[PDB]
Amino acid sequence: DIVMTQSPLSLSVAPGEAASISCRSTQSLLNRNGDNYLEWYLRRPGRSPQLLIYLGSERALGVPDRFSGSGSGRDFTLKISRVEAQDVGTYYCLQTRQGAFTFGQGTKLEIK
Amino acid sequence: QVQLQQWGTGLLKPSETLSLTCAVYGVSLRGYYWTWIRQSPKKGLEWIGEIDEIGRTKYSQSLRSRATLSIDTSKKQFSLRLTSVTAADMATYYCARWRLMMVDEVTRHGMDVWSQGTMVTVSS
Amino acid sequence: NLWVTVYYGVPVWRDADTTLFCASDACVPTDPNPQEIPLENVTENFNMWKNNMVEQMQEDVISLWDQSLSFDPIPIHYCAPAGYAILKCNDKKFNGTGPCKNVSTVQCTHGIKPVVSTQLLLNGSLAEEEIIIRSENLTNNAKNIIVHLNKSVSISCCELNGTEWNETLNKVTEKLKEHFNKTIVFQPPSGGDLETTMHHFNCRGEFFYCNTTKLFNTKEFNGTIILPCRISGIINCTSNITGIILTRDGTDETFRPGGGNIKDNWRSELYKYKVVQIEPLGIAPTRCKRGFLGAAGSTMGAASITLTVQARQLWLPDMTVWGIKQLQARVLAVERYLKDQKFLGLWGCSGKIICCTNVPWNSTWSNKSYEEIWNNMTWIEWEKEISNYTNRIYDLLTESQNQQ
Amino acid sequence: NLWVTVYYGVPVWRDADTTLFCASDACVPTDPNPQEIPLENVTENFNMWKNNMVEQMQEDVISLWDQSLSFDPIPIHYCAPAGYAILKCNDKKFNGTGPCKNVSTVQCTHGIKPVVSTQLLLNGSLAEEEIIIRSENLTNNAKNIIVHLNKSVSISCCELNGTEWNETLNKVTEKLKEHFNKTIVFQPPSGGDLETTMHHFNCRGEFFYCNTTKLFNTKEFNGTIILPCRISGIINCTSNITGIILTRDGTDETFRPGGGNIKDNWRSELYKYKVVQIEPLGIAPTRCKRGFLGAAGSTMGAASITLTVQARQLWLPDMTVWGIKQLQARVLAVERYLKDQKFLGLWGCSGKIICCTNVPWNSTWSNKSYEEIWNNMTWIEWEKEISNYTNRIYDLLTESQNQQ
Amino acid sequence: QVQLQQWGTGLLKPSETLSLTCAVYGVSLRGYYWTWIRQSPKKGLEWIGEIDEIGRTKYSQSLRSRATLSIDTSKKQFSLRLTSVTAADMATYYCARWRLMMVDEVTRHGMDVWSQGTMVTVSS
Amino acid sequence: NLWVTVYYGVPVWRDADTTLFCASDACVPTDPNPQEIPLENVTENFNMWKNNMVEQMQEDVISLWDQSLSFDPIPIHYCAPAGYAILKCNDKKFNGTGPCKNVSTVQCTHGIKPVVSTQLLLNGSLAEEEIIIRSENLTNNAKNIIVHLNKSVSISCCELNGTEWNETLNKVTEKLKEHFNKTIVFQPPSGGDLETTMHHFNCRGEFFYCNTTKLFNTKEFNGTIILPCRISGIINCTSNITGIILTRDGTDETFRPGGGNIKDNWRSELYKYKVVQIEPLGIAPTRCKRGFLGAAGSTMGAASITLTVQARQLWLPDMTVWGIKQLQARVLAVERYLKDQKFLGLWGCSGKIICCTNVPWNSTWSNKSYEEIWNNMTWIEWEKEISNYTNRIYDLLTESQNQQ
Amino acid sequence: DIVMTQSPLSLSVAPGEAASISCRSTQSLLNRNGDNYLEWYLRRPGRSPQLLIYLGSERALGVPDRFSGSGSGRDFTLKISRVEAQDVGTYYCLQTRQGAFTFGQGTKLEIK
Amino acid sequence: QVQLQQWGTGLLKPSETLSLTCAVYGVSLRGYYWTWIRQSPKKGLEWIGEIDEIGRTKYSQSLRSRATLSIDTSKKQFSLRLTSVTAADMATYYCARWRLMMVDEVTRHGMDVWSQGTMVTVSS
Amino acid sequence: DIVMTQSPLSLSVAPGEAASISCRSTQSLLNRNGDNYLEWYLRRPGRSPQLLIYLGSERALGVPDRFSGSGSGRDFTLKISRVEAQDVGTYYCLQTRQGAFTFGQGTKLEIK
């Protein structure tokens, strides 16, 4: 059905720097008027994951104003501006355009 | 300030029937979607099942005829039953509360709250 | 960016006053088994002192009393007409005024016994946890107060049991110590006219004006106390002391039996209910270019989702002569529905519960993040946040719709 | 293949109950010239015993007696409210229950004079062809019997002519021989109290209790007979007999004057009428997708084509005070129309009486091949057959309109 | 069951007026059409006229200017009046009851109820 | 070429009869501050003698008399329900009946005092003109005559203040001269109608029948003049001579007081008012194919442009009890609005006040040039002219709408 | 304005067998959403005709389930599976789309 | 018979501000448009100002802001105010009323009644 | 924006004859359903101008049946029959299709 692929799997980033992730799908994710049908989650090692970006543009409460998103068609990208010891973990894309939902491969984000 | 809780089931041998139950403490099961998600060391994250309050259910194509999901409004909880558990389904289950927005098509917001998640291996 | 959208059927309400209709088992509409719908997390402020429903109930009990010109007072279940709701607070320390949680909604009110009393409330609905004190302003004003008891004391004829009186007096004094610092002991009336100075009630068709003074002062009982009075032996009347009306005359402090008037008598029960008006019409921002009250107080999303077609106009009686008040209420309700439907029909939003139209969203109206709007704020607070500009937003919506 | 189609102006009725208007020329509106509309072919199930008209008769006449507390009983018609109908069975051998063929519809009932009487019905409409017997169950001894007469005999009071009396008794006995196979004798009641044994009526403003024992204790009048009567130097009462009340006890079977309460009186005059609900909404299978009650016995095609657009909602008086019952009826009617119009408009079929919709026709609903739908079945039969699944049809229609 | 009947002339010479009456002994005229069909030993079955119950009439082009149709309601009949009957217009006439169905259109079903028919001759 | 167009809410009215409602600062609705809306250039005919004001009003006042049983008359007001208006003239030379050019519209009538008088109108509202003569036809001599004054005369008890009568007469007959052209004398009727020949009124709840002969007979008045009165030294009550009732006694001519009844008095005290019913629906030709009453009487185009949508469909009751008449009127108004909205919805016209449709406009309906319809012809008389073909126009509009 | 053409005018079939009749039009006999606008009738010799097929598919009351047929455009056809000695006679097909209704040329059915 | 009148100013120095008042007698101003136009030897006719009765205003693109217009219904008149009048603005002013029809938009008819006009002259 | 242009500016016509005046525009100047958005105005020397033609076809109140307008698109004209010494004066064209309402160079009607 739908396969979520994303790049890169792992990042070697300096503290507090900006990092960008790009995930491609098999077809478009565009609503007739909505921004997208994509979700963007994060998980910490050994703990339950939480919400970061819903509908590709906004962030829920409790999310620092450092996570942003953009993209369209078959490419959606996500951005972080400042990182700390809290943000190390696994960033995931999620797809909801069709009746089959799939996260695809993970994104292990760590600090040198 | 809402919480999700789950009841463990320990280990099961292959080709067995395993039922998992998840209760809620907070807003009622009125107009949210209650879904589960599985996590594996080598499979990533995959989707399992979705339920509303009225009893209507949705499932994935990978598990067409393996699991069924149901709810109990009196105790404000829900559960699934998985027949013929296999040794290739080493899993950790998570309960999830999808928000919804009613504008024409039911637009699908994120997944704010997450249950603590429970371990499920296959004994042999 | 953001565009306005009209929802019909939103569970948002506001304070209002209307003629609550009489009902009993001059009132025969009957009533089946009632039900109470709990509300999850609504916080509602109650003010029984300024309640208008008790005003309608009084002078209506007076009209019923005058019509007969003995009485087994039927519990008169007042109930709300169509398009209205009765909110019942449910706390144990509610004391009549203030915020309340656990607020349930009910169609028809609890049974009420319209029994006249002046100094000692008879056959009144009991308390739940402990004796309580109610006043409009306990300290800032020297106004009448109500004392609500737990164990109703049975009296006959006139004839009272001393031990229970001593216990109740001790507990009442201890409780009032929590509010007034001085020593509280109850002295005789020393008032004027005998209407508000003595005990008044009626029983088996006979009025009783009993001069009671041994229930106070005593600066004792050791048995049964007797206080007969006049208008064969006296009729074997009986009654249930449930609540006592008291008033302070400005160390040693003096409350006073009696005082006030009879409105306070009928306020000693109908303090748990408020009459509220549903306003099923809301506006909200989203992305477009083209039972009831159960979810109220919950998040925006849940209430939006659960809003389905009612398939009804907006009850208990079946083929019964309605009378003046029922038919007044029904005509008003149908007129309100017609007005609302015409108002909604001025746009293209005619036959749909939801309808999203083409109007840009001026950010000055809300200045709130979209996530904050649709994930955190309940409908009742959103309506307050938009009530400052409802008229102008309606006018702009009509102006943009009628251009095409 | 086939798809659901919604018709609005359809002549199908069901059974229901309601209030009425007091046509009379207190509840006193006017009464213009009425009209009676025949039905081409309708087999209708009438039942006078279960009828709900008698209750309204008794309540309204009792209210009239209280209001008056020489009566000059005005023939009072009962007019059906808006949206309802009154059905009259015209067959001349009608036992008060069962099928009727010559069924007509009328807006307002024929004149009824509410004269109170017992054991001897006075001033009532005669039988059209011959004397008949009305009873709920001839084999149930706990039930009463109404004997309806065809050639009235006048009684002056009492003074009764015996020439016609014994001939009427002979005809009654001969007819009862058909229903009961034994010789029949009559015997005065010797009941408990005054009202169940004597003859009761009222004339010129005063009551008469008469000793009518001599008219049934047959062992030869051959002339006028005088009966004792108390309250001849009195105003005379020359009222005409229209029928009698007869009861049985326990092979000379004995019949027994007396019977039931006052209610049965109005059963002897208001048995030809039935109150009926009009339900203008029909669902039919057609090959398309994208006055009233007059020809209600015709085929589906004829009734469908005779449907044209009306210009009135769903009429006798003009600029007159209505009253409580009239306002009740009018408000209920307008509310019903509004609810039905909203229900129809939910599918988008607002302005057009006929609407084709996009729903496949589940053949399991009715079977009944399309040919026999519009060539052989009456509309009422179609509604009766489809009533099992109407709610599911409505829900599917709403869902499919929602899905678009 | 319903039945139809007809009354008419016998031998008629050309250039006169032909009047034919047709009565219905069943369901009323409210919900059908009444139509006349003509059969001759030549050229086959043809069409003459169509009448509703209100009085709306429809005719054919062949006999547009020579045939007229009338109806009443008291005794439920309908009638042809044809002026100047010629030698080539001799034709047995039949009454029939068209059924109708209302779906956004007057969909016309078959003509089940047919009168027994009457013979008409020409004088010369 | 020219095509039909529907206008909704246009201000055109017509004469009608309907039940008004009582109010007072049997009938106790509150009376707010009133307001009068002037009209620009409308000419309206008024007729007191063909009016339903008197009938309804007199029924209400008689009902008040019956319900009363020691009281003073209380001024009251009459108002129209929703969907009507009260037109009142303003010309000071209003000859009872005829056209008026200074016409104002109101919702609630001015203060009227329900006082009863027989020969001399008391406590009555004045007029600007010194004296006015009112009659249905003063020449026909088959009707009574009303004389309306400008300076009310004080009458204690009884007593009259001398020369003020004389001077008054010196004016009255003067005007009568230019109507009959002869010297005019007066005398009592010389009849046996003691109920009308004698003067009648009431004070303090006590009736007063007073003889009066010297008031209307010349060949000395000088000081205060006195009359006999019976049931003068018993009770002192005052009164305002404002109008008098005069008829003709079949050279010099004699007039006669007392010819008339209570209804003539009531009409004399309230005659400037007329009930009118608005009919918001207009049909007009133009080139297109696909507050109130303020502009009425002005140009058709100007009235069209000022027509704007309204939040309210079609006072200040607050939360009172309407009563039977208000409830009936509200029900009638709401059903009329529903009927009219259904009529609009029958066509393809789904809410817009301005409605363009596809129907040809022939020359027969108007025979008026397109220039003269929207520049010169006022709306009211245009509707009056087109009223001959309104039903045909409606039918053609519907037929060309549904058939597409 | 509309002319039918039937075929054959007369056929002689052995009893109890199947026969087919076909008539042509000059215009398309198709409704916007319906089936067709054509009619099929019997005629016994010297007796009044009766309905057979209305709207091209169904059969009327008392019609044995041996009469069927269909078509479109400018060609329609009727079919008998089993014929009886009672049904010897004539069949006609009739047109209704335009105002000028018109029959065909008659189809005579006679048994060997 | 409706009439218009104007109260005006005489000779004006260049570069100051001048105002023109214009009143209507006979018909109310609720249902029309009121406009001011000007005429000059070297320019013909050029539109200046338009107003409704509630207060909606409309101006030409040339003198978009150099002039303002106001109305008042208490005594039913309107007025213009023009600042910094120059030699090139030789302009004789006229009041007039446009009639309106509402069918789909505010469609315009001719300007029937015209005011007398003031010979506003500007000189040094 | 919008500029009118009419001909002739001045013409010499014998009394009682007919004269035609033609004014042209720069925009389409045509209503979607209506006739036109142009008007014809007349001014006597030294007096306030009156109304002659509104919407291009019909005449006003009190105007003799001697003026008739026609045209379409970018050209319009007025015909005038039976001219008199009273009507000697100035004719103007007025435009209303868009904003910035603008007349044109007026034309002078003078009797030969």
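Note that the chains take the letters A, B, C, D, E, F, G, H and I in the order they are written out, and that residue 1 is the start of every chain.
Everything below uses one rule, namely that a residue touches a chain if its C-beta (ideal position, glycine included) is under 8 Å from a C-beta of that chain, and two chains touch if they have at least 3 such contacts.
With contact taken as defined at the outset, chain B and chain D are each touched by C.
Pairs F-I and D-E differ in how many C-beta pairs touch across them, and the larger number is found at D-E.
A rotation of 120 degrees, rounded to the nearest 5, superposes the Cα atoms of chain C on chain F. Work out the mean CA point of chain H and of chain I, and you get 22 Å between them.
Inter-chain centre distance (chain A to chain I, centres taken as mean C-alpha positions): 70 Å. Averaged C-alpha coordinates give centres for chain E and chain H that are 75 Å from one another.
The distance from the centre of chain B to the centre of chain C, with each centre set as the mean of the Cα atoms, comes to 44 Å.
Contact with two or more other chains is made by residues 34, 55, 60-61 of chain G. For chain B, residues touching at least two other chains, in rising order: 109, 112. Among all residues of chain D, those that touch two or more other chains are 287-288, 324, 327, 331, 334, 338, 350, 375. Chains touching one another form the pairs A-B, A-C, B-C, C-D, C-F, D-E, D-F, D-G, E-G, F-H, F-I, H-I.
Listed in rising order, the residues of chain D touching chain C in the complex are 17-19, 324-325, 327-328, 331, 334-335, 338-339, 342-343, 345-346, 348, 350, 398. Of all residues in chain C, only 5, 40-41, 286-288, 294-295, 298-299, 301-307, 354, 356, 374-375 touch chain B in the complex they form. Those residues of chain H whose C-beta lies close enough to touch chain F in the complex are 27-28, 30-32, 99-104, 106, 109, 112.
Of all residues in chain A, those touching chain B in their complex are 1, 31, 34, 37, 39, 41, 48-51, 53-55, 60, 92, 96, 99-106. On the side of chain C, the complex with chain D involves touching residues 309, 311-313, 319, 321-324, 327, 330-331, 334, 337-338, 350-351.
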